Amino acid sequence: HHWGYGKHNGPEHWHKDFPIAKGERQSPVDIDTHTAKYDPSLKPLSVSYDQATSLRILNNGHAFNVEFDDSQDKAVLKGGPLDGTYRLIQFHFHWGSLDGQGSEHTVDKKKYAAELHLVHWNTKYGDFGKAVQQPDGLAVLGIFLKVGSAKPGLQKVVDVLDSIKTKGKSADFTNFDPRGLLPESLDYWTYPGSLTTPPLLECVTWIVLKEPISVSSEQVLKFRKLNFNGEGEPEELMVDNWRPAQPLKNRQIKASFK
Ligand SMILES: NS(=O)(=O)c1cccs1
Ligand SMILES: NS(=O)(=O)c1cccs1
Ligand SMILES: [Zn+2]
């Protein structure tokens, strides 16, 4: 016990330990596609994951993280709305108990079955732990998942999940290529916001891709077999680990495309 997604420690409770839950730049938000302004001055996003080095995959009791070696400039995000260079540290997903829900961002109130977060930290702050303390410390690239055809490049991730079923298990996870998770287009919306889990730090430039990837019902079924609890504790399925949309307040969502 600590924060979680249940009725007693879920998102509606987070504020009591992390008062910034109710701040002015919280995530996720609903993306009102008609209100987002086209911005012709935005650069194309630059995703260079050519030399990415995955190390490990971890169940942390909230989701699973695939972690990358971020000790050199190997997998970087740049361009788009970003000044400077951000390094890939980890990716994880948020998903639902049913296909009808699971994403954190919504697009005109539409919920996707899941959402991928590729998390990068601003190289000028030297590490992740320092970047999160800064208003432009992180750039998270969000990609929606819908259920239809399998994504072949996600299969290696779904196959290792049996080995990390419960909170705290980890496993070796080398030579995973994150480029196999990206849709065709790099069209995106961008707005300033926060971590979507405690400590909810307001340190993120959110880059949310317009085009979802499609994954198979069998692939997302396997996410749903993971556990929130630790090994030899009562079984709580890891499902519905998403924060709902937070008020937009004084913020504009820009679009890279018309
Ligand atoms: N605010 S909280 O979700 O971190 C919490 C911890 C214990 C009960 S509720
Ligand atoms: N879900 S998220 O991408 O906003 C995040 C939380 C903590 C590190 S990255
Ligand atoms: Zn996330």
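The sequence shown runs 3 to 125, 127 to 261 under the entry's author numbering. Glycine included, each C-beta is placed from N, C-alpha and C at the ideal position.
Comparing C-alpha distances from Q137 to each of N124, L144, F147 shows the shortest one belongs to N124. In the assembly as shown, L198 is a buried residue. Its beta-carbon has 16 or more other beta-carbons within 10 Å. Counting only unbroken stretches of 4 or more residues, the alpha helix (DSSP H) elements lying wholly within the segment 13 to 73 are 16 to 19, in sequence order. Just so you know, the alpha carbons of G12 and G81 end up roughly 35 Å apart. Within 8 Å of the C-beta of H96 there is at least one heavy atom belonging to ligand 3.
Judged by beta-carbon spacing, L79 lies within the 9 Å limit of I210, meaning their Cβ atoms are closer than that value. Using a cutoff of 8 Å, the CB of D243 does not count as near ligand 1, since none of the ligand's heavy atoms is closer than that. The beta carbons of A258 and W192 sit closer together than 9 Å.
Under the DSSP definition of a beta bridge, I210 partners with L144, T193. Around the beta carbon of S105, 16 or more other beta carbons sit within 10 angstroms, so the residue counts as buried. Per DSSP, reduced to three states, the secondary structure at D165 is helical. Secondary structure note for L224: its alpha helix (DSSP H) is the uninterrupted segment 220 to 226. In this structure, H96 lies near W245, with their beta-carbon atoms less than 9 Å apart. A Cβ-Cβ distance of about 20 Å is found for the pair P155 and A77, leaving them out of contact under the 8 Å criterion. For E205, the distance from the CB to the nearest heavy atom of ligand 3 is not below 8 Å.
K154: not part of any beta strand (DSSP E); DSSP gives it neither H nor E. For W209, the Cβ stays outside the 8 Å cut-off from all heavy atoms of ligand 1. According to the DSSP secondary-structure assignment, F93 is paired through a beta bridge with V68, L120. Excluding sequence positions up to five before and after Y194, its CB lies within less than 6 Å of the CB of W209, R254, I256, all in the same chain and listed in chain order.
Classified as exposed, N178 has fewer than 16 neighbouring CB atoms from the shown chains inside 10 Å of its CB. Judged by DSSP in its simplified three-state form, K112 adopts strand. Between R58 and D175, the C-beta spacing is below 9 Å. Separation of the CB atoms of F66 and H94 is rounded to 6 Å, and the pair is thereby assigned contact status at 8 Å. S152 is a Cβ neighbour of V218, given a cutoff of 9 Å. Annotation for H64 indicates a beta carbon at 8 Å or more from all heavy atoms of ligand 1.
Judged by their CB atoms, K170 and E234 are nearer to each other than the 9 Å cut-off. In terms of side-chain proximity, the C-beta atom of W192 is found no nearer than 8 Å to any non-hydrogen atom of ligand 1.
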